[PDB]
Amino acid sequence: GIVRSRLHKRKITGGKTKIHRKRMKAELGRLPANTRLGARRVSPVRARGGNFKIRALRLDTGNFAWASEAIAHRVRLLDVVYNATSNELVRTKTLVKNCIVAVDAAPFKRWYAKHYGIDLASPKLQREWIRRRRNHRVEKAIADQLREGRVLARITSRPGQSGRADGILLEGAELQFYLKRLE
Amino acid sequence: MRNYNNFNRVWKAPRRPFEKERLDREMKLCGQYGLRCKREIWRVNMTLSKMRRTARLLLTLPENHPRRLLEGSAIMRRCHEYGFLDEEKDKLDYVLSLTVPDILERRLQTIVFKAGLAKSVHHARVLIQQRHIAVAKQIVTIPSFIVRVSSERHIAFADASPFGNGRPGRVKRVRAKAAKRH
Amino acid sequence: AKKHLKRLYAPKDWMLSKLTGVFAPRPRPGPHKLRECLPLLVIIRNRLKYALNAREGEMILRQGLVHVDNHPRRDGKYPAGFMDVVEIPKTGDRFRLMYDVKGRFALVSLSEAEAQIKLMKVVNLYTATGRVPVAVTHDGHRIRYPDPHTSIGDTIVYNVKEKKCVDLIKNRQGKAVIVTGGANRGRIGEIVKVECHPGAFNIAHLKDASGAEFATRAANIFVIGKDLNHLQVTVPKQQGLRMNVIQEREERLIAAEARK
RNA sequence: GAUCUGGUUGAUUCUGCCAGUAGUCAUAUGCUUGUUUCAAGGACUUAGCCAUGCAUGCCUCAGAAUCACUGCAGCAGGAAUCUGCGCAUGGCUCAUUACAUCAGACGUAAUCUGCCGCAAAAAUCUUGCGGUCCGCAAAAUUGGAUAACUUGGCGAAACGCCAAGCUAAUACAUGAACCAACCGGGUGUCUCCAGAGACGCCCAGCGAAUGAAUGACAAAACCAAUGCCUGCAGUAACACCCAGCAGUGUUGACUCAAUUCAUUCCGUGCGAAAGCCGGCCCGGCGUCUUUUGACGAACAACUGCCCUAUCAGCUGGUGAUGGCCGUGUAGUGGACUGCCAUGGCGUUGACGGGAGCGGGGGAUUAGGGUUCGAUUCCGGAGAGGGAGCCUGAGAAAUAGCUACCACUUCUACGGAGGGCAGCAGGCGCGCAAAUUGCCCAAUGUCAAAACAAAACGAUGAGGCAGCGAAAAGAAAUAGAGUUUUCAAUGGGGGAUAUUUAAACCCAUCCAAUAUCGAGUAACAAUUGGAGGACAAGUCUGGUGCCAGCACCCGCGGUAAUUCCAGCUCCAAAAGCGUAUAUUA
RNA sequence: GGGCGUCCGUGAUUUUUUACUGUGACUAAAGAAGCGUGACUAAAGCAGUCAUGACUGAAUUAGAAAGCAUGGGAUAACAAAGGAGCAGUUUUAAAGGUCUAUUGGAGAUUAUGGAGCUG
Ligand SMILES: NC[C@@H]1O[C@H](O[C@H]2[C@@H](O)[C@H](O[C@@H]3[C@@H](O)[C@H](N)C[C@H](N)[C@H]3O[C@H]3O[C@H](CO)[C@@H](O)[C@H](O)[C@H]3N)O[C@@H]2CO)[C@H](N)[C@@H](O)[C@@H]1O
Ligand SMILES: [Mg+2]
Ligand SMILES: [Mg+2]
Ligand SMILES: [Mg+2]
Ligand SMILES: [Mg+2]
Ligand SMILES: [Mg+2]
Ligand SMILES: [Mg+2]
Ligand SMILES: [Mg+2]
Ligand SMILES: [Mg+2]
Ligand SMILES: [Mg+2]
């Protein structure tokens, strides 16, 4: 079938390699997943050793991490914003690793009110908020799009391999990199 | 097909098949030792050639070398054991002086002629092959049996032979049947 | 997946004659390596003559009558290798697999107290789940809580009945080893100097009881005591001393002539 | 033993080839062959085609027996079928094939890994009874379906099929509270002090995903919180429960081993088999998960490799060399999509063409070499050509599947099948290669499996025998004596037997009370020669440059050392000519 | 309580390889070489030999290149240079100026000082 060998590749001299075996099963590749936005549908793939590799088709949600705060929240993917491979993969809204997506931002605001106590008053007994909040500060570009409603984020998992759409929120120079390329 | 039992060749034909000097020596050796064919001489050539070649390799090696103390005391041991060299000859240069009649004297066809158990050397080859000579109470039917030095004391007639202590042979026994029907 | 050995591709230390059949008993995976073991059909039939063929040989093993390290082994293809203890309760004999100085496997007879401990060399150390640091051994054992001074090159004394690591022997300069691979296999010597060479094979220089100096790779040495007198385990009848090939050839001719 | 010899001339020195010569586990052929031992044996030509039979299956005390099967007086044997492993090995063949295979040596920290070895294991609000969601209980006495079978059958058949009715589990599915821990995070009321404790709730298992933190190191002054002192002596750390219950993973090196917390795994993981025996509570097994050693798999490439220039440029749009995100993989990677760059290889022979598996090794060899390697061991590849798959830990499997191409068998014409480079054989092809044999006794492999007991696992692997002057060992065809006798013992016939799985063979034996046999020993040696090299006839008959011989030189023209023959010799001898390769 | 000298791992300091050659380390049997041994000899084979079991044997060696370690420094080799194209050491006190360890801990400020910077 699809193979991953160098039998069809030309030599560095430019010479053709003459083939004297059949294709092996141990050198196969398989058809790509092309994971998109949509309600979750997965198909497992029986890999070597009997292990299962879960193809992701049509994913809509994942655990996205806010790395300065070292937390994650299960949020819902909204749109696919920028892809470094092609602009055609943005238009069909394919989920790959490292593509830039927008996520829900509601569990992140709610966590930022429950932890640090800052909204965008009720437990007067526990002001361990004051034990934090002094040294720590929050980047302004995060807090703008956090209250705007959707946060740009980066996919850190391989969905056709794992069947998950986990990610990380863009911070720092990495957010300021991709904000220039969009607008 | 998957059989790993080994076999090699024990004789070699000479270069130059018609040398008038060589053909005269080998007819003397077939007569003085009672031999069937020239091939029995030619394995005694190759037996002695291999001794003459290893002992000439060991003299390239110095003394107090490991392959000359071992394996040079082995080739002097088998010359002393089979009667190829008497016990005075111990220097390893005497293996290079061995001749084909020095090996042919140690065949059981020759000792049975030399010990006195047979009138001629063609009497000895018959009596070996017709099961009359025992080396150590072991009937040996091979004329090319190389007799050791320690075996010379014990060559005698076989204990099952009619000439020894066994039953009488054929011409007496088929005559003893013909005198029985009458 | 190979399942067969040819008797020519079998190891030479087993000493199976080439003319008796095409095949040799391929030892299963298990404790010891295929190149470096002696499977129990060869011990029961070819070493010990308790069995005349392989059909009498599984009447012994499948019945549960041979114990390798206190546990009955019903496999004729079980890999028994170095430092293993083979007991038989019915015939009342127990043996230890050691290398003799010519490199071959040798069955050293044992007492009851010497047959409880075996000596095992660490091959890997890692941390398992929990935070339990286990020690991987050449015989395939995974001791879970070893002596905290265990490093990789060391030797653990084990006591296979009560599965408790009773002792440790570190690998240092002042120790005595047995060589379990290479040309020098079966020889016993003090350690002289260990040449490190990181990224490649450690070389270990060794001196024998007579004073013969010889070297191996340090993955081939197996430390068995604090010195050559205080060995933790009993060794075969030459005790790691390799005689000259000339002198040992003279002695057999002298012994054969003096016997007659 | 680092050796040569005939042939150019009227003779002579050379150059130089032809010819002799001795090997080949190198084949074929011719003529011969009495005994034994050891053996190769359809590789070469056609990886051409194949009739028939057979070559891979497994049951113990220990998964499932209501045969409408068998004895016995419910206990035992059990056909059959579910189930669990195996069929990816072995065996054949050598067609492919030159930055490939392969060898020695490394790498996998780039990865998968059943069986086997030593280990690990604290997740899960389930049952029973009563009441309508609660109560009291506890050795959890769980649920539905299929085979075999019966019934009715379809079909010419097919290692083809249908429907209904039964019934198992170690098949499938479900599911275990409390006994029963430590440890941690997030968090709301309550006794205290000027932050501390108790209680409550959500979450806290192995594995997996993503994110964050560990995964070490290489002189005093003043204010706040805090530590012991009665201002600082001396000091692991820590607000009690445990006053040392990890401040310490490994490597040459890790983003790894492992741990902490954040989020959530929706079937694509996690039973104490809701398991089976046995002993008189305990002992043998059998199984999920997790983890690592082992037996392996897959990839990568350090050095090496026949001839060819009447093959000098090769590669790059449609990946060629590299780079960036991904994708795909078991994983690394132009392996692959997008984009960018303009590279990479070559007279140190690229590129293309021809020869053909690669080593271990064989033949010959003073030394240097020159050759052969289809073939037993190791590796690679293939199963009529070419694909593509399923299942599984492992196959791009072929005594597995699907399709096409080329051949191809049965048909009741509707249809159904084939794959001997497995072992015997068959036809072709050729110069050229055996028995449609007996057996698991040994060597092993598989596996639910020791042997035995009503009661023998399968094996064309592999042995064994038949054919078998491939090649190798050992060896008869006579001895002894005064025309004429005396002794021998095989070939060969046979056994109280012995071998052998059974025979065969060889070995032993012709009385142990008691066993057949040499004479022309007719029981009969041949194959090539006799000018030279090259050992051995100036013999006799025939033919008359004829017929023929002669490797080469030459013989033969009516007295032939050479032809055709008889004699007699020589050489090797159960062998010996010839032809073609190949080494000296 | 100082000196001496090792071991292990880590930092800072200015650099010499290659061929060759001597020793090692690793490297499947079958095959080759051969040590024992009267399978009746031999081709073989790894066995067997001896007076309610004894000494057991299966020794050893060559095996292409490349790979690994180490010491010897003749001969050669790679590389660079082309000689204006060039590479002052210590005592002593003084000036200016730069970004860790202790004070019981930890946090935050804070001057002094060590050693280095240049005129
Ligand atoms: N040359 C091999 C590679 O083929 C690739 O491209 C190839 C494909 O685009 C295409 O190959 C197709 C293949 O896609 C498709 N799945 C199957 C088809 N048989 C192939 O076709 C090719 O093979 C057959 C037989 O040889 C020929 O008859 C056909 O003309 C040829 N184009 O044709 C090209 C080969 O000629 C890339 N160009 C490159 O990686 C490389 O050239
Ligand atoms: Mg007799
Ligand atoms: Mg089944
Ligand atoms: Mg070749
Ligand atoms: Mg990449
Ligand atoms: Mg093979
Ligand atoms: Mg075709
Ligand atoms: Mg056939
Ligand atoms: Mg005449
Ligand atoms: Mg004539």
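When reading the values below, keep in mind they use all heavy atoms of this one structure, side chains included, and skip hydrogens, waters and symmetry mates. A note on names: the letters A, B, ... follow the listed sequences, proteins ahead of strands, and every chain is numbered from 1.
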Taking for each residue the nucleotide of RNA chain E bearing the nearest heavy atom, is the 5' side occupied by B/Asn8 or by B/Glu71?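 First, find each residue's nearest nucleotide; the 5'-ward one identifies B/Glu71.
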Just compare [options] and give me whichever is closest to any side-chain atom of [X].
X        : options                : answer
B/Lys177 : D/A471, D/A475, D/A511 : D/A511
B/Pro162 : D/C92, D/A488, D/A511  : D/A488
B/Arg36  : D/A476, D/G490, D/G463 : D/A476
C/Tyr126 : D/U292, D/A40, D/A450  : D/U292

At under 4.0 Å between heavy atoms, what does [X] touch on the DNA or RNA strands: base, sugar-phosphate, or nothing?
X        : value
C/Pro25  : sugar-phosphate
C/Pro148 : nothing
B/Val10  : sugar-phosphate
A/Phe52  : sugar-phosphate
B/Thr141 : base

Work out how far the [atom1] atom of [N] is from that of [M], and round it to whole angstrom.
N      : M      : atom1 : result
D/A584 : D/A363 : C1'   : 11 Å
E/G63  : E/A51  : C1'   : 46 Å
D/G319 : D/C345 : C1'   : 16 Å
D/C570 : D/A536 : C1'   : 4 Å

Pair present between [N] and [M], Watson-Crick or G-U, 3.5 Å cut-off:
N      : M      : answer
D/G284 : D/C276 : yes
D/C282 : D/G278 : yes
D/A448 : D/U8   : no
D/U496 : D/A374 : no
D/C405 : D/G384 : yes
D/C58  : D/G84  : yes

With a 3.5 Å cut-off and just heavy-atom distances, do the side chain of [X] and the base of [N] make a donor-acceptor pair?
X        : N      : answer
A/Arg164 : D/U264 : yes
A/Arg158 : D/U329 : yes
C/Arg142 : D/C118 : yes
A/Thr13  : D/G344 : no
B/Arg125 : D/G479 : no

Verify the contact: side-chain N or O of [X] to OP1 or OP2 of [N], cut-off strictly under 4.0 Å; return yes or no.
X        : N      : result
B/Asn3   : D/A39  : yes
C/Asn124 : D/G249 : no
C/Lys237 : E/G57  : yes
C/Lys102 : E/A58  : yes

Taking for each residue the nucleotide of RNA chain D with the nearest heavy atom, is it A/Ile168 or C/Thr127 whose nucleotide lies nearer the 5' end?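 Result of the comparison: A/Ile168.
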Mapping A/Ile19 and A/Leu7 to their closest nucleotides on RNA chain D, which lands nearer the 5' end?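 Counting from the 5' end, the first nearest nucleotide belongs to A/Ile19.
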Side-chain H-bond candidate by donor/acceptor type, B/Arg53 with B/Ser49, under 3.5 Å: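 Yes, because at least one side-chain N or O of B/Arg53 sits under 3.5 Å from a partner of the opposite role on B/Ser49.
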Would you classify [N] as syn or anti? Syn applies when the glycosidic angle is within 90° of 0.
N      : result
E/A111 : syn
D/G354 : anti
E/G73  : syn
D/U33  : anti

Spacing between [X] atom [atom1] and [N] atom [atom2], to the nearest angstrom:
X       : N      : atom1 : atom2 : result
A/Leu28 : D/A335 : CG    : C1'   : 12 Å
C/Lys2  : D/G394 : NZ    : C1'   : 12 Å
A/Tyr82 : D/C324 : OH    : P     : 16 Å

